[PDB]
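Asks: If you read the sequences in order, they're chains A and B.
Once you know that position 111 of the first sequence is 1009 in this note's numbering, the rest is easy, because the numbers rise by one and skip nothing.
Once you know that position 11 of the second sequence is 909 in this note's numbering, the rest is easy, because the numbers rise by one and skip nothing.
Cβ atoms here follow ideal geometry from the backbone N, Cα and C, with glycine treated the same way.
Protein chains: 2
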Amino acid sequence: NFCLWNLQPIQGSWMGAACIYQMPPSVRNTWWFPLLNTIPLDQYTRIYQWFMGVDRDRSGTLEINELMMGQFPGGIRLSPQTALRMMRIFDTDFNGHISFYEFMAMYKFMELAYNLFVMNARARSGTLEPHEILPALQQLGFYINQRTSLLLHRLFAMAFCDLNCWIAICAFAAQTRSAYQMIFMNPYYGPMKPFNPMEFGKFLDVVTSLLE
Amino acid sequence: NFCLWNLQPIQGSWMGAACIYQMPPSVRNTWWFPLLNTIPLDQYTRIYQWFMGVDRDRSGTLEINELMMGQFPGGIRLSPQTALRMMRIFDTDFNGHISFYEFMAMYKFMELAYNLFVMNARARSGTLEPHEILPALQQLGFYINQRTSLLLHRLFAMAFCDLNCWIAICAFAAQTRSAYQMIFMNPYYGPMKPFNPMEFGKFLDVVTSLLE
Ligand SMILES: [Ca+2]
Ligand SMILES: [Ca+2]
Ligand SMILES: [Ca+2]
Ligand SMILES: [Ca+2]
Ligand SMILES: [Cl-]
Ligand SMILES: [Cl-]
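#1: Are the Cβ atoms of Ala1019 (chain A) and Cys1068 (chain A) separated by less than 8 Å?
#2: What are the start and end residues of each continuous beta strand (DSSP E) run of 3 or more residues lying completely inside the region 975-1053 of chain A, in chain order?
#3: Just confirm the distance between the C-beta atoms of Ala1034 (chain A) and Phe1015 (chain A), as a whole number of angstroms; I'd bet it's less than 8 Å.
#4: So if DSSP puts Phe970 (chain B) in a beta bridge, which residue, or which two residues, is it bridged to?
#5: Let me know the secondary structure DSSP gives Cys1063 (chain B) once reduced to three states.
#6: Closer than 8 Å by C-beta to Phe1082 (chain B): which residues in its own chain qualify, once you throw out the five before and the five after it? Chain order, please.
#7: Using a 10 Å radius around the Cβ and a threshold of 16 neighbouring Cβ atoms, would you call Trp1064 (chain B) buried or exposed?
#8: Could you run through the region 1077-1106 of chain B and flag, in chain order, every residue whose CB is less than 8 Å away from some CB of chain A?
#9: Which residues in the same chain have their Cβ closer than 8 Å to the Cβ of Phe1101 (chain B), if we skip the five residues on either side of it in sequence?
#10: Would you call the region 968-978 of chain A and the region 948-960 of chain A in contact, with 3 or more CB pairs under 8 Å?
#11: Counting along the chain, where does the alpha helix (DSSP H) carrying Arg926 (chain A) start and finish?
#12: Quick one: give me the first and last residue of the alpha helix (DSSP H) that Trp912 (chain B) is part of.
#13: Hey, could you find the ends of the alpha helix (DSSP H) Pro1085 (chain A) is sitting in?
#14: Do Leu905 (chain B) and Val1105 (chain A) have their CB atoms nearer than 8 Å?
#15: Measuring only from the beta carbon, is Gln1036 (chain B) closer than 7 Å to any heavy atom that is part of ligand 6?
#16: Using three-state DSSP, classify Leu939 (chain B) as helix, strand or coil.
#17: Select from B:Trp929, B:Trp948, B:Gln979 the residue whose C-alpha is nearest the C-alpha of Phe998 (chain B).
#18: Could you check whether the Cβ of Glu1027 (chain B) sits closer than 8 Å to any Cβ belonging to chain A?
#19: Identify which residue in B:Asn1062, B:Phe1007, B:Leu1061 has its Cα closest to the Cα of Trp929 (chain B).
#20: Under a CB-based cut-off of 8 Å, is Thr1074 (chain A) close to chain B?
#21: Where does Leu965 (chain A) fall in DSSP's three states?
#22: Return yes when the Cβ of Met1002 (chain A) is within less than 8 Å of the Cβ of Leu934 (chain A), no when it is not.
#23: What are the residues that DSSP puts in a beta bridge with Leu960 (chain A)?
#24: Any heavy atom of ligand 2 closer than 7 Å to the Cβ of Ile996 (chain A)?
#25: For chain B, check one thing: does any of its Cβ atoms lie closer than 8 Å to the Cβ of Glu961 (chain A)?
#26: Do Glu1097 (chain A) and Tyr946 (chain B) have their beta-carbon atoms positioned less than 8 Å apart in this structure?
#27: Is the beta carbon of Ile996 (chain B) sitting closer than 8 Å to the one on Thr959 (chain B)?
#28: Output yes or no for whether 8 Å exceeds the beta carbon distance between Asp991 (chain B) and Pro1095 (chain B).
#29: In chain order, what residues of the same chain lie with their CB nearer than 7 Å to the CB of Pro978 (chain B), ignoring the 5 residues before and after it?
#30: Interface residues of chain B around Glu1000 (chain A) at Cβ under 9 Å?
#31: Would you report the Cα separation of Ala915 (chain A) and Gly1099 (chain B), rounded to the nearest angstrom?
#32: Return the CA-CA distance between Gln909 (chain A) and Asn927 (chain A), expressed in angstroms with no decimal places.
#33: Rounding to the nearest angstrom, what Cα-Cα distance links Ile918 (chain A) and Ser911 (chain A) in this structure?
#34: Assuming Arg975 (chain B) and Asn1062 (chain B) make a contact with CB atoms under 8 Å, what is their CB distance in whole Å?
#35: Measure from the alpha carbon of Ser1076 (chain A) to the alpha carbon of each residue in A:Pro907, A:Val925, A:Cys1059, then state which is nearest.
#36: Would you say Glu964 (chain B) faces chain A, with C-beta separation under 8 Å as the test?
Quick look at the structure:
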């Protein structure tokens, strides 16, 4: 719009630059960084309060044991496997710690996943049946096929897939996205191509098949 | 040598061409095809006898249930997961059948893996301890790192890794090789680069991390 009363924020607004330049390069370079600009300041304090509840030794950081022990929004809990996936996604420094800014990303990611869970649990509230996994993952940007969606339900769930199992699936898909980023940063594979969600979906189908 | 008495066979000898051109394109195009030229004719009949023992419905082909039920050389047995990996490696036609030529490859692969198992089970006969997995896989051509070798022992074994568990590991590494072949055949990633075992080793490290 060119309407004065309805002006939308632009990506990379000058007002955010101060904050952005102070952030660690690892954080700024990562595929999930744009999650950070979706969070209003007024939710900052809520997320920070949550962070404090998970940070059991008050280190100002989250370690894998804290993720395994933590309660997250919507009653989400993480198995040891899933806590490790969250570390591999969000500890972009590879130091074994999740910083507050890294947790903010993880929190938003979990809230996106939770929203799609509730939206796609239509046959039975609080569970995803196998046929609901495909659309929920597509909505999140993971363009997989039916074969793959049924394989993920089988690997990560039982009849139905509860919220925790859904978050496990989403963490696997996101860790594969990080792995993809790492692989294609290797200069052996030529100049880095822009991300193509359809091509990445095919990559995710293939890597999923390696899990069985 | 230029010695008449000690002439070595050359790869792609004219005498094998008749056979090679009659083979299905899927088989000829696959990364494991050179396994086939390592098998002398006199072992043909032994492998065929073994094939017949696994082929329970005499279809002239092996299906996944036959792999799950089959006994292979060295007392090797395949879990459901590993039988499926063997299908993903060797059913290059994607028809759900392993042909005799596809089984020949699988048999040779298993014999290579079995030989390295016996060679590397030094601390205790009939088992690989975690530190023996790294050299055995390097000997097979899979250039992984220590982190990865210990992750594979953890994922696929217990204290020690028996033969069947080792074959499971080898099948995972080989299925990842097939996956790599498939991924890099996609024209999105540019002209296909020649295979580089060191670069592939790094790829295997990364994909291994996705299994936990
Ligand atoms: Ca802490
Ligand atoms: Ca970190
Ligand atoms: Ca059969
Ligand atoms: Ca076949
Ligand atoms: Cl589909
Ligand atoms: Cl190493």
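Replies: So, from the data block:
#1: no
#2: none
#3: 7 Å
#4: B:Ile974
#5: helix
#6: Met1090, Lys1091
#7: buried
#8: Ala1077, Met1080, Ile1081, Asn1084, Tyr1086, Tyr1087, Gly1088, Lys1091, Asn1094, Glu1097, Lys1100, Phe1101, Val1104, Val1105
#9: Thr1074, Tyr1078
#10: yes
#11: 923-926
#12: From DSSP, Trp912 (chain B) is part of no alpha helix (DSSP H); its letter is neither H nor E.
#13: No alpha helix (DSSP H) holds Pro1085 (chain A); DSSP gives it neither H nor E.
#14: no
#15: no
#16: helix
#17: B:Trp948
#18: no
#19: B:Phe1007
#20: yes
#21: helix
#22: yes
#23: A:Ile996
#24: yes
#25: no
#26: no
#27: yes
#28: no
#29: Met966
#30: Simply none; closest approach about 18 Å.
#31: 39 Å
#32: 16 Å
#33: 10 Å
#34: 6 Å
#35: A:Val925
#36: no
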